[PDB]
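Report on the following structure.
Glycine gets a Cβ as well: all are built from the backbone with ideal geometry, and neighbour counts include every protein chain shown. A short reminder: the numbers here are calculations on the coordinates, not readings from a lab.
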Amino acid sequence: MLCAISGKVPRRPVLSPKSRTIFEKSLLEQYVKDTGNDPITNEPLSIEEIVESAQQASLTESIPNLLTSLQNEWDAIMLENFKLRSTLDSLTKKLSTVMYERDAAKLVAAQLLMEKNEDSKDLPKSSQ
Amino acid sequence: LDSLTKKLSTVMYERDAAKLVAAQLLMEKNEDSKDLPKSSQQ
Amino acid sequence: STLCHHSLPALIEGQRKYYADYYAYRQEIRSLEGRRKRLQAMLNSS
Amino acid sequence: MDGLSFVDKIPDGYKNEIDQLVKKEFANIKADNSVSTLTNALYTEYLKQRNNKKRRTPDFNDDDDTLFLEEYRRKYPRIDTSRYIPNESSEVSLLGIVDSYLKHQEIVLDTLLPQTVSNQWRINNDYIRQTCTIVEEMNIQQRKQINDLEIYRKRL
């Protein structure tokens, strides 16, 4: 029901036979020419390998298509990807804080593994 | 974006999981001290 | 994917947890196993 | 690695304690064309490029310039009135046919919400048994530990 590249609702969906995943024709045809392989599974795939109705009710107030609607579309594309670039940058920063704190904990455990068993060992030796 | 979120999620979970190792370990280490101290005293 | 991962890393940690305590127990048994003998040898002197 | 979640029934103070010890060990360690340039600049600056605010206002007895602007309003209003005719002809049938499609699209998502829900609870379900298996074994170990501890004393 959607395309597995853009996040569309395809007008001419086409399925690849190597990995069962429906893409919109234009977007899958572009990928194969860029690099001849399936985008998801990274398996060999060509244009000939591919195997080929939706209603949108055009608003009552449908000038706006040139001015207001088209403007909003390129606003919504612009401010989303910019905000999405902001999200990717923080995930990598928050990655570094995760791995550092993880390795910090590893050293605590390693330090405490020597501490505990030797404290237990000392109790076993005390008896003697 | 999502592929990094998997690393983020698996880490944070495993971090606080590994954090509970310490809480356990610290209290047992502590128990070994008073035990031996009170025994070695007498 | 969390609970999937948590399963795989935990399942290995348990054997290591147990095996440590298992060997920890084995040593404790030895001290128990000898301390008796010294007591047993109190009756020999009598 | 090993820290039993289900079995260890671990206060907020212990999280605050362990956080400080982890914190102390962190104290120690410390592809597009021109399109992308204007898009990133538009988003960064927070300003959308201005469109043709002309057709709406205009003015009568203008000049050769408003003669064009007037003739624009006619053709688009005829296109408008033709663009409203083919909508009203079908009317609400075209709208409700798309409304039905949206219900098929919605239910599919919530089926996946359940499939994920089931497998997520199923993984946790397997973990639970493991936690209770070993937690007993650790209990067995500690009891035996305490027995030696006093046994070795009472011998001596």
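Quantify how much of the Cα-Cα distance distribution of the protein assembly as shown extends past 39 Å, in percent.
51
Assuming 0.692 mPa s and 37 °C, estimate D for chain C with Stokes-Einstein, Rh taken as the Kirkwood radius over Cα pairs, in µm²/s.
239
Please report, to one decimal in angstroms, the Kirkwood hydrodynamic radius of chain A built from all distinct Cα-Cα pairs.
20.7
In segment D:46-92, which GluC sites (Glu not before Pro) are in a loop and have at most 10 other Cβ atoms within 10 Å, using DSSP for the loop call?
Here the GluC sites (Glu not before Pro) that fit, given the DSSP loop and packing criteria, are D:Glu91.
Treat every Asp and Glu Cβ in the protein assembly as shown as -1 and every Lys and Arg Cβ as +1, leave all other atoms uncharged, and give the resulting dipole magnitude about the Cα centre to the nearest 20 debye.
Once rounded to the nearest 20, the dipole reads 2180 debye.
Would you order D:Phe68, A:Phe23 from fewest to most other beta-carbon atoms within 10 Å of each residue's own beta-carbon?
So the ranking, lowest neighbour count to highest, is D:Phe68, A:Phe23.
Translational D (Stokes-Einstein, µm²/s) of chain D at 4 °C and 1.567 mPa s when Rh comes from the Kirkwood sum over C-alpha pairs?
49
Along the principal axes of its C-alpha atoms, what lengths does chain B span, in descending order and rounded to whole Å?
Per principal axis, max minus min of the Cα coordinates gives 62, 7, 5 Å.
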